[PDB]
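Working notes for the structure below.
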């Protein structure tokens, strides 16, 4: 939601001038003011570094919830600063180990389908049937039918 | 000199077009390399799991053979003791 | 005029280099296309055969269970015979 | 489980260390007892290369190691390596600190005293167990069969010993210990394979020859007939794929390797086979318990797992024994772990709970306590 | 990070000197290693004519020079020229004084000792580096692939060597070094071009023949079929424009030049091709690590960049090897700089930071320190 | 498939896990106080005899001896556990480093930057040669 | 080494840990006050001992996790 608006609120005119200079090529005239997202694929390459194209499509779709295909300077700003690294310190590695210890309430050293399933159910979050399997792929990186330390560690890596 | 300037500008626009084609090819190259790396990793995993399955099948087959033969012998002996 | 001609020669060499880039890019891309297709086909086949082996292994498990039970029966019969 | 305290039933053996908590059906962790230092130089930096891989880890890196067993024939010849093996067994394969668990080692009959005393001294000083007890490897195998009489032939991998027992009273003057076992059969197989062209020399390739022996060899019911058949037909030649390809075909080496058990003259040993040392062990017993020993002959140990040995041995003993007695050979399917199952049963008994060598007793009499009343 | 400095990963090679600071992806400066004195008289006064053009400068004035490589086959035959090349590399292509940077040279396996000792003596006395370390050119190429096992065939321009490695433990008795490489292929191509009328003799025209070889030649999947096809159709004849016009047409010389790698009898060498010295190098290894070496065959070096070699080599080895093993040939697209990328990775490691030959150590033991523990 | 909902689930479960850690810590503190009161009974000795005072002091001295023995044993055991933890941490760090350190480097930082430096030097070469006349 | 070394080490720790032992030869009021003080000392020692027990439990589970992680490589 507006969380990434708050995250982008750090960068004031200091980078806004550069962003407007980059976006000037986007607004090349001969338009009705709609200002689509067509150029963004190469606009994110104005400096050279580019994240995965699937992430680019996700960035295109997730903002502009009206589907207007109109890129406001605020949404363009937040999507382009997302190219720069933005992580909220990702908890603490020892804190992450403590969180995993809480997760492994079965004291087995591993989390299976039912364990994490019930853990997420306790939150009451609406979970689809197309889900659960998605989380299985997210966790069972080794495809060994359980969640090991490394699978959780990369699973939650850099997330806060 | 005028003719040469004409040719100079024409080659100039041609050179810009060349640079753009070069960058496009470069991006395509990075992309295809990524794809190949992914698929090859999948190949590794597929081959390894195949091998595991084949080995387990072999072991179970052998054990079945041994136990079956022992059972047959003991059946013959049961008749004998009858 | 001489300066312009020098400029033209520079543009010529740069155009040459650009076409060279184009050719090498195409060649490498076709190569990776070949590797991609071969890898994909082999991955498909390997997954198929591995799953086949898995099915056969499960069948072997069930066979082994049957044989184990029957051996238990024959052993009981033999000991009572003794 | 929970409160209370469970015993550790370790079983050193020679070739496979079998361990697990008392009261179960099968050992928890079974792994070869080999410690192999690397022998080449090593050029990658930071690879995390250790100085000695023990247990089952050294059966996967055996291509660049020099595996060496720390137990030759029952006795222990290299105490540092044996200590390393025990440390691995306690901490990594069971993950239970020894400070809170009694231990029940096993020892072959007629072994040197110093071996047993050093074993108890190590267990009490280094690992610092609460109490340990040493038991003869054949009495346990008799426990596992659920009998109380019978003469047990425990042909392990280090040493083959034959302890007769009646009504719970062991006969110490009738124990016949013979040093032919699985390891000598492996060496003899490796020596007769050279007659076809296959040469195995490295200490790592001894493991490959051991695998060949386990998977292919069998004991012939009648030796001369098999030698004649294998020399005319080709129905016996079974092939086997080495760890790199180049399949090999074993001909009449199949039943000639384990035949050494019944004719120890093949490897130059003087003594009589396992078919005749059992009869001699019986004949040393009293005249009134020979029928029961004849009827309750028990097989145990790994090497008695050859396909077709329970019939060859019965035929041989029936040839030797008087015609009236009935000869029966007990060959349970769980032969390999018979000693450990018996050890678990013995450690789980309530009557046995006061026979442990408590630590305060060791502190008062020294390591020589093991030969005393607490046997 | 913090204090401290960056290491110079130089890589002498033979044909192209590749250098750059440790921790990057590609070498900073890559230029041919040739030193060419002028050979004509010279009449213009004050033109600023130097006495020796080295590096990439002598590939532009090669029309009036006599280029001569200072490294023949791995070994260095002309120490003054090599010193000149190093001085150029440090001061003009990188512009970093060597007084403040460790260096990591590379050396082929099985090279004469005196070459290595003289190399370290030069680096410590003339350029006065803080610390230098010499590494075998194949271990680095194995680093760059991110593996830890595998048998690497590093077919450079001077010498082709084939070092097998398992689990980080190099096998010194299985290194097969063969002296056929890119330079001999250039000479053979220059020798077979004369069959159409094109004669290249001057040491400057060897560079033109090298360019022809790089741009046109390819390795045939099956040699006889290609020889038959090129002799009937004309779909193979590719043309090429010399540095002055007069285009030339290369027929079946295209795949006959690099075929010398798999049949060294073409240039009169006795030994077997690079397809059979790899199999021989594998077969000298132990019987239990042959599967891993079969599955992780690595290619490196410049000369392995011929279009279609990763398939010909796999076909040949699959023909030689047992049918069950899987043969896989790792051919990364960054083959040419694989050794240098591996060198950068090795120099960037923290565990490696104490293996450098510090200058005080050299002062205490002389140049013979390199053969000692600091290898 | 969804991708933002994955992050939403991660955030919600991480907050839930922090709440579970907090409540488990509170439960641990409560149970700590409960067991402390269980093992350490309170006593009051108003208007007591000197002999009973000596008996209580001697019993407290014996309690001191046993508690110090137990704290020594648990301290030694925990220190050995800490050494083992450090060893395992070092070994796992060595494994992770040997797995992933070669994979981190500065990709194409200056290789892309090579646009016309050699070309510029070549052109300036002819310019400088002609500058003589 | 754990036959004489560890026993002497723990005996030395026991001997040094003991403070002065001369109390009851004094006036009753301060005697009762110091008895209450030592009761509080015993309470704090027992509480810390329980904390160390819980820390040992956590570290034992962590060591099991580390053993699992090192085993997962093969």
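Chains as they are written, first to last, in the entry's author numbering: chain C, 2 to 161; chain F, 134 to 215; chain G, 134 to 215; chain B, 1 to 375; chain A, 1 to 375; chain D, 42 to 174; chain E, 196 to 269.
Just so it is clear, CB atoms sit at the ideal spot from N, CA and C, and this is done for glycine as well.
Could you tell me whether any non-hydrogen atom of the ligand PLP is closer than 7 Å to the CB of residue i?
i	result
residue 171 of chain G	In terms of ligand content, the structure shown is empty, and the ligand PLP therefore cannot be addressed.
Could you check if residue i is buried or exposed, using at least 16 other CB atoms within 10 Å of its CB as the buried criterion?
i	result
residue 35 of chain A	buried
residue 196 of chain B	exposed
residue 149 of chain C	buried
residue 353 of chain A	exposed
residue 362 of chain A	buried
residue 173 of chain B	exposed
residue 147 of chain D	exposed
residue 262 of chain A	buried
residue 219 of chain A	buried
residue 64 of chain A	exposed
residue 165 of chain B	buried
residue 28 of chain C	exposed
Do residue i and residue j have their CB atoms nearer than 8 Å?
i	j	result
residue 35 of chain C	residue 70 of chain C	yes
residue 33 of chain A	residue 69 of chain A	yes
residue 157 of chain B	residue 138 of chain B	no
residue 87 of chain C	residue 22 of chain C	no
residue 371 of chain B	residue 317 of chain B	no
residue 213 of chain A	residue 189 of chain A	yes
residue 159 of chain A	residue 136 of chain A	no
residue 300 of chain A	residue 338 of chain A	yes
residue 144 of chain A	residue 102 of chain A	no
residue 137 of chain G	residue 138 of chain F	yes
residue 341 of chain B	residue 310 of chain B	no
residue 377 of chain B	residue 151 of chain B	Coverage of chain B is limited to positions 1 through 375, which leaves residue 377 of chain B absent and any answer about it impossible.
residue 104 of chain C	residue 66 of chain D	no
residue 95 of chain B	residue 268 of chain E	no
Residue i lies in the alpha helix (DSSP H); which residues open and close that run?
i	result
residue 88 of chain A	79–88
residue 192 of chain F	135–214
residue 102 of chain D	91–141
residue 54 of chain C	54–63
residue 182 of chain B	182–192
residue 225 of chain E	223–266
Hey, is residue i's beta-carbon within less than 8 Å of any beta-carbon in chain I?
i	result
residue 194 of chain G	Among the chains of the structure shown, chain I does not appear; the protein chains present are C, F, G, B, A, D and E.
In the DSSP assignment, find the beta strand (DSSP E) that holds residue i and state where it starts and stops.
i	result
residue 162 of chain B	160–166
residue 67 of chain A	65–68
residue 52 of chain B	That residue, residue 52 of chain B, is in no beta strand (DSSP E); it is neither H nor E in DSSP.
residue 424 of chain B	The first residue shown for chain B is 1 and the last is 375, placing residue 424 of chain B beyond what the model contains.
residue 176 of chain A	176–178
- Please list the segments of the alpha helix (DSSP H) lying wholly inside the segment 275–332 of chain B, counting only runs of 4 or more residues, in order along the chain. Runs of the alpha helix (DSSP H) inside the segment 275–332 of chain B: 290–295, 309–320.
- Query: Of all the residues that make up the segment 160–185 of chain F, which are near chain G by a beta-carbon distance shorter than 8 Å?
  - Reply: Within the segment 160–185 of chain F, those residues whose Cβ lies closer than 8 Å to any Cβ of chain G are, in chain order, 161, 162, 165, 166, 168, 169, 172, 173, 175, 176, 179, 180, 182, 183.
- Which residues, in order along the segment 224–244 of chain E, keep a beta-carbon less than 9 Å from a beta-carbon of chain D? So the list reads 226, 227, 229, 230, 231, 233, 234, 236, 237, 238, 240, 241, 242, 243, 244, given in the order they occur along the chain.
- Contact list for the segment 38–58 of chain B against chain D, Cβ threshold 7 Å: Answer set for the segment 38–58 of chain B: 46, 47, 48.
- Which residues, in order along the segment 218–242 of chain B, keep a beta-carbon less than 9 Å from a beta-carbon of chain A? Taking 9 Å as the upper bound on Cβ-Cβ separation, chain A lies near residues 241, 242 of the segment 218–242 of chain B.
- Query: Going along the chain, which residues of the segment 146–157 of chain G sit with their C-beta nearer than 7 Å to a C-beta in chain F?
  - Reply: Per Cβ criterion, the list reads 147, 148, 151, 154, 155.
- Message: Short of 8 Å Cβ to Cβ, which residues in the segment 150–179 of chain A face chain B?
- Response: Listed in sequence order: 165, 166, 167, 168, 169, 170, 171, 172.
- Proximal residues, the segment 124–153 of chain D versus chain B, C-beta separation under 9 Å: From the segment 124–153 of chain D, only 125, 132, 135, 136, 138, 139, 142 have a Cβ closer than 9 Å to chain B.
- Item | Continuous alpha helix (DSSP H) assignments of at least 4 residues falling wholly in the segment 80–138 of chain B | Those alpha helix (DSSP H) runs which fall completely within the segment 80–138 of chain B and span 4+ residues are 113–125.
- Item | Whole beta strand (DSSP E) elements within the segment 204–268 of chain A, 3-residue minimum | For the segment 204–268 of chain A, the continuous beta strand (DSSP E) assignments of 3+ residues that do not extend past its boundaries occur at 238–242, 245–250, in sequence order.
- Name, going along the chain, the residues of the segment 39–71 of chain C whose beta-carbon falls closer than 9 Å to a beta-carbon of chain D. Of all residues in the segment 39–71 of chain C, only 49, 55, 56, 59, 63 come within less than 9 Å of chain D when Cβ atoms are compared, listed by chain position.
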